[PDB]
Ligand code: NA
Ligand code: NA
Ligand code: NA
Ligand code: NA
Ligand code: NA
Ligand code: NA
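In the working numbering, the protein residues as written are 27 to 444.
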């Protein structure tokens, strides 16, 4: 361990598994997120790199290198800000026609997706700025999933643009109140949970008797190719479902998780499916919502078929309540004691809720190469419920994916009752 570090502490089980999965693959594209954001505003490359330096100084994960094999346990090395370079390459797309610009944006994505990371050289997030016209640039943001979850990514982008807008307006960059906890505290919470016997036993008992029938239509083997599908969500679903939620005393997440289960049981013609429920284990401490890092753990979730979809919602709520205190027991540890466990699908509920510089939307992005066959996102975006999924097109025929999307639409309709 070199001198000078701010800190060092173990990698999490998800950090380790993802990096081991990347190392086993040889492909830089695996678990490699890449997104282009539209930014309204003058592009000043030096001010943008200054803004990034400010963020780098505020967040340990952006000064962190991973050391998988060097010591006896995989370690996170937190380097001092003085040792971490803040680079934002500027590219010039000004003056191009529309289709050329779109193609050049796509090319930046694909090139970055094919560019590997040096796990010992922070930051493990890369930025670029692509000038589009005098009032508009694209901000490229790219990281391995081992570094940031989606909530952290959103917080990162929002804080970069706030700091940048401060510098562009000539004021001092403002900072939020220091959180109580840091990422190191989450690490400790997970290691305790991994060692917690009642939590290990809870997950063993919960899966006793479960069966793992493959997703029907999903080939055992195939190449790695990713595709995405939007579900045709009924007209006013969010408003109608929030009202069902308040009246019935069931949260919205529970209603949607029951819908997920109904879709999957119908599509698979199965009495029960075992899906992965993506939960976050951020410490329950002030400011934990402002931390940057990877806080996700995927939990086994058993969803049984029922004609009474509201009773399925109640059971999904009871599942979340019973599993809550056990939610930081890592999936890999559950798998170590249950080798039969296999999750072909994931459920992800996403709920991340001015003049001058403003974020204008997403111009382009990758469908991230992952190994999980089917990942379903339920997203509260604005006043809209957005549902979609990504799947292994190399293993899952597109005709089945469109059938599955119909099942999700049918499930949402069954919730509303039209
Ligand atoms: Na997320
Ligand atoms: Na994002
Ligand atoms: Na559909
Ligand atoms: Na179906
Ligand atoms: Na893509
Ligand atoms: Na809606």
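Ideal Cβ placement from N, Cα and C applies to all residues, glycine included.
Of the residues the options, the one placed nearest residue i, counting alpha carbons only
i: residue 337; options: 304, 377, 256 and 283; result: 283
i: residue 391; options: 264, 135 and 57; result: 135
i: residue 119; options: 170, 164 and 333; result: 164
i: residue 126; options: 158, 139 and 428; result: 158
i: residue 56; options: 444, 105 and 250; result: 250
i: residue 382; options: 29, 362 and 69; result: 69
i: residue 424; options: 105, 80, 245 and 60; result: 245
i: residue 346; options: 203, 38, 329 and 358; result: 329
i: residue 178; options: 53, 315 and 65; result: 315
i: residue 331; options: 298, 268 and 444; result: 298
i: residue 271; options: 304, 248 and 343; result: 343
i: residue 86; options: 304, 324, 95 and 106; result: 106
i: residue 47; options: 124, 398, 432 and 224; result: 398
Integer Cβ distance of residue i from residue j, believed to fall under 8 Å
i: residue 260; j: residue 439; result: 6 Å
i: residue 319; j: residue 186; result: Actually they are not in contact, since the Cβ atoms of residue 319 and residue 186 sit about 16 Å apart, beyond 8 Å.
i: residue 402; j: residue 306; result: About 17 Å; that fails the 8 Å criterion.
i: residue 116; j: residue 67; result: The pair is not a contact, with the Cβ atoms about 14 Å apart (cut-off 8 Å).
i: residue 311; j: residue 206; result: 5 Å
i: residue 441; j: residue 335; result: 6 Å
i: residue 409; j: residue 276; result: Not a contact, Cβ separation roughly 20 Å.
i: residue 131; j: residue 62; result: 6 Å
i: residue 75; j: residue 110; result: About 12 Å separates the two Cβ atoms, so there is no contact after all.
i: residue 151; j: residue 168; result: 7 Å
i: residue 339; j: residue 281; result: 5 Å
i: residue 404; j: residue 413; result: 5 Å
i: residue 49; j: residue 386; result: Wrong, their Cβ atoms sit about 37 Å apart, outside the cutoff.
i: residue 448; j: residue 39; result: A query on residue 448 cannot be resolved here, the shown segment of the chain reaching from 27 to 444 and no further.
Bridge partners - residue i, DSSP secondary structure assignment
i: residue 141; result: DSSP lists no partner for residue 141.
i: residue 209; result: None; residue 209 has no bridge partner.
i: residue 155; result: 116 and 165
i: residue 36; result: 101
i: residue 183; result: Its beta-bridge partners do not exist; DSSP assigns none.
i: residue 373; result: 303 and 402
i: residue 388; result: 63
i: residue 411; result: 406
Check whether residue i and residue j have beta carbons under 8 Å apart
i: residue 215; j: residue 100; result: no
i: residue 219; j: residue 354; result: yes
i: residue 31; j: residue 103; result: yes
i: residue 156; j: residue 73; result: no
i: residue 82; j: residue 149; result: yes
i: residue 373; j: residue 302; result: yes
i: residue 239; j: residue 296; result: yes
i: residue 172; j: residue 242; result: no
i: residue 326; j: residue 233; result: yes
i: residue 18; j: residue 209; result: No answer is possible for residue 18: the residues shown for the chain start at 27 and end at 444.
i: residue 229; j: residue 58; result: no
i: residue 202; j: residue 189; result: no
i: residue 434; j: residue 289; result: yes
i: residue 254; j: residue 393; result: yes
i: residue 140; j: residue 28; result: no
i: residue 138; j: residue 176; result: no
Residue i CB to nearest heavy atom of ligand 8 below 7 Å
i: residue 206; result: As far as ligands go, the structure on display features ligand 1, ligand 2, ligand 3, ligand 4, ligand 5 and ligand 6 and does not contain ligand 8.
Pairing CB atoms from the segment 29-43 with CB atoms from the segment 144-153, are three or more of them under 8 Å? No, they do not touch.
Contact between the segment 378-398 and the segment 258-278 is defined here as three or more beta-carbon pairs at a separation below 8 Å; is this criterion met? The segment 378-398 vs the segment 258-278: no contact.
Is there contact here, the segment 87-97 with the segment 189-203, by at least three beta-carbon pairs under 8 Å? The count of Cβ pairs closer than 8 Å, one atom from the segment 87-97 and one from the segment 189-203, stays below three, leaving the stretches out of contact.
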